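First come two forms of one protein chain, each written alone as C-alpha cells, so that there is a structure 1 and a structure 2.
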Structure 1
C-alpha cells in the first residue's frame, strides 16, 4: 500500500488530433482529477457533449466535469493571455466556476508574449533562409522550452513572489531575445502590467504540484486521469525530429511533467485514428495527396479549428503505430474516427517500409529516410455501411470488426474503445 493509486493515461499514437479530447472526456466523467503534464496551447482538443462543442488548449478536457479538479502540471508551458482567452470563450458556452476547480502547478513555465513573437520570426526567417520551416503553431512553445533548458525562463512561483524581482528577470529575458532578433519588438512595460494583472487572477488557483499530486495518490483512493497532448511521433526525442514539438509527448512525460514515479502509472491508452493525419511540415509515408486524401479531409473535418488550414491525410500506417507502442507501452487502444471509413469500398493500411524491395527493420531516426521509403500496403475490404449509430461490438459490420482486429493484431495491443462519432455517446467499449 506504499505505492498509492495509479494514474490512467491518454496519449497520442500518431501526429496529433487523434481524438485525445474525446477519449479523455469519456474517461473523465467519474474522475477525481484530470490533468495536463506537458505541452501548451499549441494543442487543440475537441470535446462534444449534449449538442455542445468545446475547444480546449490549456484547460484539461475534464474541466467540463464540475465534480472533478482539473490540474496543470509542472511540465506544461503557460501563456496567460491565451489561458484566460480560452476560458472566456468557453464561459460564453456554459462553463461555470472553472477557476474553482482548476489547480496550477507553481513549477510550470511561462510563455511570454515575446516567446510567441520570436516563434513567428524564427519560422519566417527559416523560411526565407533554407526555403523551409517547421510548420509550428506559432504559440511560442519551442522558444519557451528553449528558455526552460537555459534556466532563463520564468515560472509561476516567480510571477507570484516579489514582483519587483520578477520584473527585473523578465526584462533580462526580454533583452536576450531582442538580441536574438534585433527586429523583435517588446513593450516590456505594457506586458509587465498585463502580467501583474494575471498574477492576481491566477494566484488562488496556484499550488505546489509535487505535493498536490503526491497527497492525491497516497491518501483516500482517488481516480486520476492524465491527458497527454500532441503525439508520439511529434515527441522531441522520438518523433520525426526536427519536425516535432518541444516536449515529450510519450509516456515518460507523465513522470517528468507531474513529478510522479513509474509505479504510479496505471493504464496507458493510445488513441489511434483509423487513418493518419499531420499538420506541419515533415515526412508522412502514407500521405494521400489525391481524391482519397480529399475524401478523408472532408469526411474527417481535418482542418484547423480557427485557421481552417486543411491537415494532410493518409492511410493508417502501422510502422509509426508499432514504434509508438515501443516507447509508450500502451495497455489498450482507442481506435477513433472509424465512421470516416464507412464510404470506402476498400481500405489500405501500411504494414511496413521498403528500401530496394527489402523491409527495413525499424523506424528511421533520420527523417530524410522516410521520404525515400516505399510503403508496403495491404488492402482490406470496406464495409460500406453506416457505423455512426453503432453502440456495441455486435452493431459493427463484419468488415468493420475485421478492421478493428487488424489494428489489434498488428500492434499487439487490444482495442478497448472504438469511436464512431464526435460526441461522448458515439463510442463503443469492447471490454
Structure 2
C-alpha cells in the first residue's frame, strides 16, 4: 500500500478522566512509537512498573517501554524547565536512558517563563474578584498558543539555530508582553541564559518531526500509538467553549499535531466512562446533585489527584457521546468504570435533549443554551453484582451486557474493551 502504516489513536469522548491512560498503557506494550500530538491541558498521568511509580505530563506514557520510541509532535507546546524537571523526577525513580528513546519535533512551540507568568496573573484578574473560571493556569499554555497565533512565539528549531537571532526574538517577545502586561516581571538575561543551557541539553533529541513520522509510516510496517490529550468536550473548537483547553483534543488534532495525512490514521478509540464527570463550572445536563452523584463520586474516586476537589457526576449522556463520534469517527469504544455501577438497582442514561419542549438532534454549542436543555432519560435495570472479577464477556451478568449493548447501539460504535477495575487485568476485550 502507498499509504503505509496507519496510527492508532486513543481519545477521550466526554469531559476527561474517562480512563484513557489505562487504554494507552495497555496498547503501549507492543507499540514501536508512542507519541503525543497536542499538549492540551498537560494533565498528569501515573504509571506503575516493576514496583516504581512514574508521573508524566509532557512525556508520553509509553516512554516506559524501553523498546519503543517516545515522540512529542509539533502540536505540543513545551516548557523546557518543566520538561527536564519532569524527566529528572522520573529518572531518579527508575526511568533510565530516557534521553535515548525520546524524540522531539523541532516545530514544537516553546512555553517561556513569562508565558506562565502572564497566565498566572490573567487568572488573578479574570476570576480573582468574583469572576468566572475557565481552564487551567500557571502553565502558560493559552499564552503560548496566543503567541503562536500571532506568529510571535518561538519554537525548538529557533532555539537550536543561531542563538543570536533567537535572543533578539526572545527579547522582542518578552518586550511585547511587558507592554501588554505592565505588572509582568521578566528576568530577561536570566532566562535567556538558562535557555542557551537548555538548547544544548535538548539538541540531541530534536529532529524534523514531519520527516521523522513520514519515514516511520512509509518504511517497514510499524506500530505508532497516539495518546490523545484531554477529551472531546475540552476541545478548543468543539468542546463546551469557553470551558475548554487551547488545543484540538479530537482526531483532526492528530493530523495537525503530527503532520500526517488522514489516510495514515487507522484505529481511533473513544474512551467512554460508564457515567459522566466534569471538572469546574459549566452546563452539565445529566448532573446528579443528590445521593446518586455522591455514590458515583465516591465509588469512582472522582476528585482531583492533587487538589482533592470533587468532580461533578451525572448519568451517562448519549448526546455528548454521539457528538464526540460525529467529530472523531471512533472505530471502537473503551467503556470504562462499569464496575462503579455494580451497586445500582436501576441506571439512567440520557438519550436526547429537549429544548423549549422540542427534541433537538444536535449538541448545543453555547453554554446558555446547553444549560437550558431538558434531558430525556431511559431507565435501565442494574445487575446488582460485583463485576470486578470478570475477565470475559460471558462473565458479565445479563443486565451488564445489556448496558454495554445499549452504549454500542445508540452510538453506532462497537465496544472493544470493558473496564471493570483499576488493574490492567480488569479489562475485558470483546473482539
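Residue numbers count along the first chain shown, from 1. In this text, the rigid core denotes the largest set of C-alpha atoms whose superposition between the two forms falls within 1.5 Å.
Chemist: Give the option from 268, 344, 295, 202 whose C-alpha shifts by 2 Å or more between structures 1 and 2; the alignment is on the rigid core.
Modeler: The only residue crossing the 2 Å threshold is 202.
Chemist: Tell me whether residue 47 is among the residues that move between structures 1 and 2 (Cα shift of 2 angstroms or more, core superposed).
Modeler: Shift of 2 Å or more: yes.
Chemist: Would you say residue 82 moves its Cα by 2 Å or more between structures 1 and 2, aligning on the core?
Modeler: True for residue 82: a C-alpha shift of 2 Å or more.
Chemist: With the core lined up, does the C-alpha of residue 160 move 2 Å or more between structures 1 and 2?
Modeler: Yes; residue 160 is a residue whose C-alpha shifts (by 2 Å or more) between structures 1 and 2 when the cores are overlaid.
Chemist: Report, in Å with one decimal, the C-alpha displacement of residue 73 between structures 1 and 2 after core superposition.
Modeler: So the C-alpha of this residue moves 0.6 Å.
Chemist: Using a rigid core fit, what is the CA shift at residue 180 between structures 1 and 2, in angstrom?
Modeler: Reported C-alpha shift between structures 1 and 2: 3.3 Å at residue 180.
Chemist: Core superposed first, then measure: what is the displacement of the CA of residue 360 between structures 1 and 2, in Å?
Modeler: Value for residue 360 between structures 1 and 2: 1.0 Å of C-alpha shift.
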